[PDB]
file structure-v8.csv (CSV, C-alpha atoms (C1' of nucleotides))
chain,number,residue,atom,x,y,z
O,171,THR,CA,20.1,58.6,21.3
O,172,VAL,CA,23.7,57.5,20.6
O,173,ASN,CA,26.0,54.7,21.5
O,174,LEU,CA,29.4,55.4,23.1
O,175,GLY,CA,30.7,52.1,21.6
O,176,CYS,CA,31.7,50.7,25.0
O,177,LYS,CA,30.4,49.3,28.2
O,178,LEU,CA,30.7,51.6,31.2
O,179,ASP,CA,30.6,51.6,35.0
O,180,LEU,CA,28.0,54.1,36.0
O,181,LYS,CA,28.9,53.8,39.7
O,182,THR,CA,32.4,55.1,38.7
O,183,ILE,CA,30.7,57.7,36.4
O,184,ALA,CA,28.4,58.9,39.1
O,185,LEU,CA,31.3,59.1,41.5
O,186,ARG,CA,33.5,61.0,39.0
O,187,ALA,CA,30.8,63.3,37.7
O,188,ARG,CA,30.2,66.7,39.3
O,189,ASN,CA,26.7,67.1,38.0
O,190,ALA,CA,24.9,63.7,37.5
O,191,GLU,CA,22.7,61.4,39.5
O,192,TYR,CA,22.4,57.7,39.8
O,193,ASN,CA,20.4,55.1,41.8
O,194,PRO,CA,20.2,51.5,40.7
O,195,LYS,CA,17.3,51.1,43.1
O,196,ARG,CA,15.4,53.6,40.9
O,197,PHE,CA,16.8,53.0,37.4
O,198,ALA,CA,19.8,51.2,35.8
O,199,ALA,CA,21.2,54.3,34.1
O,200,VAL,CA,23.0,57.4,35.2
O,201,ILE,CA,21.2,60.7,34.9
O,202,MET,CA,23.5,63.5,33.9
O,203,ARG,CA,22.6,67.1,33.2
O,204,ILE,CA,24.5,70.1,31.7
O,205,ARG,CA,23.7,73.8,32.1
O,206,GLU,CA,24.9,74.5,28.5
O,207,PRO,CA,22.7,71.9,26.8
O,208,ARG,CA,19.8,72.0,29.4
O,209,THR,CA,18.4,68.7,28.1
O,210,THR,CA,19.7,65.9,30.4
O,211,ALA,CA,21.4,62.7,29.4
O,212,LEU,CA,20.6,59.1,30.1
O,213,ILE,CA,23.7,56.9,30.4
O,214,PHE,CA,22.9,53.2,30.1
O,215,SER,CA,25.5,50.6,31.3
O,216,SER,CA,25.3,49.3,27.7
O,217,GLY,CA,26.9,52.5,26.5
O,218,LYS,CA,23.7,53.8,24.9
O,219,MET,CA,22.9,57.4,25.7
O,220,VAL,CA,19.8,59.6,25.4
O,221,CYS,CA,19.8,63.3,24.9
O,222,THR,CA,16.8,65.4,26.1
O,223,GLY,CA,15.9,69.0,26.5
O,224,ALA,CA,17.4,70.2,23.3
O,225,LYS,CA,15.6,72.8,21.2
O,226,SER,CA,17.0,71.4,17.9
O,227,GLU,CA,18.4,68.2,16.4
O,228,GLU,CA,21.8,69.8,16.1
O,229,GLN,CA,21.6,71.0,19.7
O,230,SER,CA,20.7,67.5,20.6
O,231,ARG,CA,23.6,66.3,18.5
O,232,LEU,CA,25.8,69.0,20.1
O,233,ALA,CA,24.9,68.1,23.6
O,234,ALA,CA,25.1,64.3,22.9
O,235,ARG,CA,28.5,65.0,21.4
O,236,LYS,CA,29.4,67.2,24.4
O,237,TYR,CA,28.1,64.4,26.7
O,238,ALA,CA,30.1,61.7,24.8
O,239,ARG,CA,33.5,63.7,25.3
O,240,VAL,CA,33.3,64.1,29.1
O,241,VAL,CA,32.4,60.4,29.5
O,242,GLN,CA,35.5,59.8,27.4
O,243,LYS,CA,37.3,62.4,29.6
O,244,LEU,CA,36.3,60.2,32.6
O,245,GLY,CA,38.7,57.6,31.2
O,246,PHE,CA,36.3,55.7,29.0
O,247,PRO,CA,36.6,54.7,25.3
O,248,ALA,CA,33.4,56.6,24.5
O,249,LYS,CA,32.3,57.1,20.9
O,250,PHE,CA,29.7,58.8,18.7
O,251,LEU,CA,28.5,55.6,17.1
O,252,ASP,CA,25.0,55.4,15.6
O,253,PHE,CA,23.6,58.8,16.5
O,254,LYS,CA,19.9,59.3,15.7
O,255,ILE,CA,16.9,61.5,16.5
O,256,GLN,CA,14.3,59.8,18.6
O,257,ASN,CA,11.7,62.5,19.1
O,258,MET,CA,10.8,66.1,18.3
O,259,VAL,CA,8.2,68.3,20.0
O,260,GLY,CA,6.5,71.4,18.6
O,261,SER,CA,3.8,73.8,19.6
O,262,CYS,CA,1.7,76.7,18.4
O,263,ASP,CA,-1.5,78.7,18.9
O,264,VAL,CA,-4.1,79.1,16.1
O,265,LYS,CA,-5.2,82.2,18.0
O,266,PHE,CA,-8.9,81.3,17.6
O,267,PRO,CA,-11.3,78.9,19.5
O,268,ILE,CA,-12.9,75.9,17.7
O,269,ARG,CA,-15.8,73.6,18.1
O,270,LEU,CA,-14.2,70.3,19.2
O,271,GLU,CA,-17.6,68.6,19.2
O,272,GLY,CA,-17.8,69.1,15.4
O,273,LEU,CA,-14.1,68.2,15.0
O,274,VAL,CA,-14.2,64.9,17.0
O,275,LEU,CA,-17.4,64.1,15.1
O,276,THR,CA,-16.2,64.9,11.6
O,277,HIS,CA,-12.8,63.3,12.1
O,278,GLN,CA,-13.4,60.5,14.7
O,279,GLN,CA,-11.3,58.3,12.5
O,280,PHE,CA,-8.3,60.4,13.4
O,281,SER,CA,-9.3,63.0,15.9
O,282,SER,CA,-9.9,61.9,19.5
O,283,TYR,CA,-11.1,63.7,22.5
O,284,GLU,CA,-12.7,63.1,26.0
O,285,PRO,CA,-13.4,66.0,28.4
O,286,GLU,CA,-13.7,63.5,31.2
O,287,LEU,CA,-10.2,62.4,30.3
O,288,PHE,CA,-8.1,65.3,29.2
O,289,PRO,CA,-9.0,68.9,28.2
O,290,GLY,CA,-6.9,68.6,25.0
O,291,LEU,CA,-8.1,66.9,21.8
O,292,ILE,CA,-5.7,64.3,20.4
O,293,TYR,CA,-5.2,64.2,16.7
O,294,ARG,CA,-3.2,61.2,15.4
O,295,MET,CA,-2.3,62.1,11.9
O,296,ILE,CA,-1.0,59.2,9.8
O,297,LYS,CA,0.1,61.2,6.7
O,298,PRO,CA,3.5,61.7,8.2
O,299,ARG,CA,2.4,59.7,11.3
O,300,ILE,CA,2.2,62.7,13.6
O,301,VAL,CA,0.2,63.2,16.8
O,302,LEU,CA,-1.4,66.6,17.6
O,303,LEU,CA,-2.8,67.9,20.8
O,304,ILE,CA,-5.7,70.4,20.4
O,305,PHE,CA,-6.9,72.5,23.2
O,306,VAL,CA,-10.1,74.6,23.8
O,307,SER,CA,-8.0,77.8,23.9
O,308,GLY,CA,-6.7,77.0,20.5
O,309,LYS,CA,-3.2,75.9,21.6
O,310,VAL,CA,-1.7,72.9,19.8
O,311,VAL,CA,1.2,70.6,20.4
O,312,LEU,CA,2.8,68.2,18.0
O,313,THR,CA,5.2,65.3,18.8
O,314,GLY,CA,6.5,61.9,17.7
O,315,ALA,CA,8.3,63.6,14.9
O,316,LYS,CA,11.9,62.8,13.8
O,317,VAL,CA,11.7,65.5,11.1
O,318,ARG,CA,10.9,69.2,11.8
O,319,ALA,CA,9.2,69.6,8.4
O,320,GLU,CA,6.6,67.0,9.4
O,321,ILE,CA,5.5,69.3,12.2
O,322,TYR,CA,5.2,72.2,9.7
O,323,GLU,CA,3.5,69.8,7.3
O,324,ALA,CA,1.1,68.2,9.8
O,325,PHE,CA,0.2,71.7,10.9
O,326,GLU,CA,-0.2,72.9,7.3
O,327,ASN,CA,-2.8,70.2,6.8
O,328,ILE,CA,-4.6,70.8,10.1
O,329,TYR,CA,-4.8,74.6,10.4
O,330,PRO,CA,-7.3,75.2,7.5
O,331,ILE,CA,-9.6,72.5,8.9
O,332,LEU,CA,-9.4,74.3,12.3
O,333,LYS,CA,-10.2,77.6,10.7
O,334,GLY,CA,-13.2,75.8,9.2
O,335,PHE,CA,-14.1,74.9,12.7
O,336,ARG,CA,-14.0,78.5,14.2
O,337,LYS,CA,-16.5,79.2,16.9
W,1,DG,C1',-5.1,-76.4,76.7
W,2,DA,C1',-3.2,-71.7,76.8
W,3,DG,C1',-0.9,-67.5,75.1
W,4,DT,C1',0.2,-64.2,71.2
W,5,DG,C1',-0.4,-61.8,66.7
W,6,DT,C1',-3.5,-59.7,62.8
W,7,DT,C1',-7.7,-56.9,60.6
W,8,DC,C1',-12.6,-55.2,59.8
W,9,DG,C1',-15.8,-52.8,62.5
W,10,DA,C1',-16.4,-49.2,65.1
W,11,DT,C1',-15.1,-44.9,67.2
W,12,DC,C1',-12.7,-40.6,67.3
W,13,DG,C1',-9.7,-37.2,65.5
W,14,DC,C1',-8.8,-34.7,61.6
W,15,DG,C1',-9.0,-31.4,57.8
W,16,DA,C1',-11.5,-29.9,53.9
W,17,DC,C1',-15.2,-26.7,52.4
W,18,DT,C1',-18.0,-22.5,52.3
W,19,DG,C1',-19.2,-18.0,53.9
W,20,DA,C1',-18.8,-13.7,56.4
W,21,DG,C1',-16.0,-10.3,58.5
W,22,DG,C1',-11.9,-7.2,59.3
W,23,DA,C1',-7.9,-5.0,57.4
W,24,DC,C1',-5.2,-3.9,53.8
W,25,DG,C1',-3.9,-1.6,49.2
W,26,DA,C1',-4.0,0.3,44.7
W,27,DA,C1',-6.3,2.8,41.3
W,28,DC,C1',-8.3,6.9,41.3
W,29,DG,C1',-8.2,11.6,42.8
W,30,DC,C1',-6.8,16.8,44.5
W,31,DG,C1',-4.2,20.5,44.4
W,32,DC,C1',-0.1,23.2,45.0
W,33,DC,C1',4.3,24.6,43.5
W,34,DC,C1',7.4,24.5,39.9
W,35,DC,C1',8.9,26.7,35.5
W,36,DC,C1',8.8,28.6,30.8
W,37,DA,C1',6.6,31.9,28.0
W,38,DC,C1',4.9,36.5,26.7
W,39,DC,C1',5.0,41.1,27.5
W,40,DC,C1',4.3,45.3,30.6
W,41,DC,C1',7.0,48.5,33.6
W,42,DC,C1',10.2,52.6,34.7
W,43,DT,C1',12.3,58.2,33.0
W,44,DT,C1',12.9,62.5,30.8
W,45,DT,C1',11.6,66.9,28.2
W,46,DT,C1',8.5,69.9,26.0
W,47,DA,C1',3.7,71.8,25.8
W,48,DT,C1',-1.4,72.5,28.3
W,49,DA,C1',-5.4,72.4,30.9
W,50,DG,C1',-8.4,70.3,34.1
W,51,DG,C1',-8.7,68.7,38.6
W,52,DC,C1',-6.9,68.7,43.1
W,53,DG,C1',-4.4,68.2,48.0
W,54,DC,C1',-2.4,70.8,51.7
W,55,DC,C1',-1.4,74.7,54.3
W,56,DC,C1',-2.1,78.9,56.1
W,57,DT,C1',-5.3,82.0,58.2
W,58,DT,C1',-9.4,83.3,60.3
W,59,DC,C1',-13.5,82.0,62.8

call {"tool": "encode", "arguments": {"input": "structure-v8.csv", "output": "structure tokens"}}
result
Amino acid sequence: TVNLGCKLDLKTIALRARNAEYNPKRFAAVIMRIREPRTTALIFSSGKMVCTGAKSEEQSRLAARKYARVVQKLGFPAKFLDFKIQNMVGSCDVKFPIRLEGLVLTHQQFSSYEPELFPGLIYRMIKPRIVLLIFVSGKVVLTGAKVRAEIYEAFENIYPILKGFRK
DNA sequence: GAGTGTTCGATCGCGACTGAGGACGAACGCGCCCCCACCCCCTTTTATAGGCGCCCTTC
């Protein structure tokens, strides 16, 4: 997310934009998209914006910066004030099946799973405060990160354990 | 002689006295609607897997 440093009129923005959507009856912000960034932006009336879809923090920064220019180019005093990363998402495959029953048993304090709920096991690591999603096929997803290393780190801690839980 | 005026007794009207009944109200009572307070609710992307609804076709 980033602040454009000014209050804006989304109605005008929606009107001007060639590739954005807005509906106050659905949400108070303009939804804008770009084919170059392929993430989508959320333009609050407050001037706050959200960048999504980006594969990297820079690309998020690049798109958000790219988003901030055109809003300015609409006629607004947009800025790049207070830019920050809000979330990062990662994924990987351990390439081997594991006995979740043992895993949810041995790490109930952190690991969490319910086959009646969702097919993926939810691991909430606190070390670097990371959440992992662990699936019967061995696929894993990590999110809630603001640092890429934490995904690598959270995964470095969890993979050996998983190997120790090989079927 | 005779006629008129006054007062206690007696007689009658009055109101006081006591209770019950009817109507009224005020304290008590009931509940809704008002509002502030506290905190959820909505959206996207990216990844995944289980369950699943609807349609198309065939019976």

call {"tool": "atom_distance", "arguments": {"input": "structure-v8.csv", "atom1": "atom CA of residue 268 of chain O", "atom2": "atom CA of residue 305 of chain O"}}
result
8.8 Å

call {"tool": "interface_residues", "arguments": {"input": "structure-v8.csv", "of": "chain O", "to": "chain W", "cutoff": "10 Å", "atoms": "all atoms listed in the file", "output": "ChimeraX atom specification"}}
result
/O:196-199,201,208-212,220-225,258-262,285-290,303-307,309-313

call {"tool": "atom_distance", "arguments": {"input": "structure-v8.csv", "atom1": "atom CA of residue 204 of chain O", "atom2": "atom CA of residue 317 of chain O"}}
result
24.7 Å

call {"tool": "closest_residue", "arguments": {"input": "structure-v8.csv", "among": "O:298, O:217, O:247, O:207", "to": "residue 234 of chain O", "atoms": "only C-alpha atoms"}}
result
O:207

call {"tool": "atom_distance", "arguments": {"input": "structure-v8.csv", "atom1": "atom CA of residue 233 of chain O", "atom2": "atom CA of residue 171 of chain O"}}
result
10.9 Å

call {"tool": "closest_residue", "arguments": {"input": "structure-v8.csv", "among": "O:264, O:291, O:232, O:173", "to": "residue 326 of chain O", "atoms": "all atoms listed in the file"}}
result
O:264

call {"tool": "closest_residue", "arguments": {"input": "structure-v8.csv", "among": "O:315, O:213, O:331, O:219", "to": "residue 299 of chain O", "atoms": "all atoms listed in the file"}}
result
O:315

call {"tool": "decode", "arguments": {"input": "structure-v8.csv", "residues": "segment 196-207 of chain O", "atoms": "N, CA, C and O atoms", "output": "tab-separated table (two decimals), in the first residue's frame"}}
result
chain	number	residue	atom	x	y	z
O	196	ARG	N	-21.01	-0.99	-4.07
O	196	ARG	CA	-20.31	-2.24	-3.79
O	196	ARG	C	-19.12	-2.00	-2.87
O	196	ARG	O	-18.91	-2.73	-1.90
O	197	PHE	N	-18.35	-0.96	-3.18
O	197	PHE	CA	-17.23	-0.55	-2.33
O	197	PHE	C	-16.88	0.91	-2.59
O	197	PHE	O	-17.17	1.45	-3.65
O	198	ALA	N	-16.23	1.53	-1.61
O	198	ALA	CA	-15.96	2.96	-1.67
O	198	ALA	C	-14.74	3.32	-2.50
O	198	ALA	O	-14.46	4.49	-2.71
O	199	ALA	N	-14.00	2.32	-2.97
O	199	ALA	CA	-12.78	2.57	-3.75
O	199	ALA	C	-12.92	2.25	-5.23
O	199	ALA	O	-13.73	1.40	-5.62
O	200	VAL	N	-12.11	2.91	-6.05
O	200	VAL	CA	-11.94	2.52	-7.45
O	200	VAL	C	-11.03	1.30	-7.56
O	200	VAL	O	-10.01	1.21	-6.88
O	201	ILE	N	-11.43	0.38	-8.42
O	201	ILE	CA	-10.62	-0.77	-8.77
O	201	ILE	C	-10.04	-0.56	-10.16
O	201	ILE	O	-10.77	-0.50	-11.15
O	202	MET	N	-8.72	-0.45	-10.23
O	202	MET	CA	-8.02	-0.20	-11.48
O	202	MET	C	-7.09	-1.37	-11.73
O	202	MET	O	-6.62	-2.01	-10.79
O	203	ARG	N	-6.82	-1.63	-13.00
O	203	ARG	CA	-6.01	-2.77	-13.34
O	203	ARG	C	-5.02	-2.27	-14.39
O	203	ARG	O	-5.32	-1.31	-15.11
O	204	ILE	N	-3.85	-2.88	-14.50
O	204	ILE	CA	-2.97	-2.62	-15.64
O	204	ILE	C	-2.45	-3.95	-16.18
O	204	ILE	O	-2.22	-4.89	-15.42
O	205	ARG	N	-2.31	-4.04	-17.50
O	205	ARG	CA	-1.86	-5.28	-18.13
O	205	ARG	C	-0.37	-5.48	-17.96
O	205	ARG	O	0.14	-6.59	-18.11
O	206	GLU	N	0.34	-4.40	-17.65
O	206	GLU	CA	1.79	-4.45	-17.47
O	206	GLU	C	2.14	-4.98	-16.08
O	206	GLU	O	3.07	-5.78	-15.93
O	207	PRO	N	1.40	-4.54	-15.07
O	207	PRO	CA	1.63	-4.97	-13.69
O	207	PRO	C	0.85	-6.24	-13.36
O	207	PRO	O	1.34	-7.07	-12.59
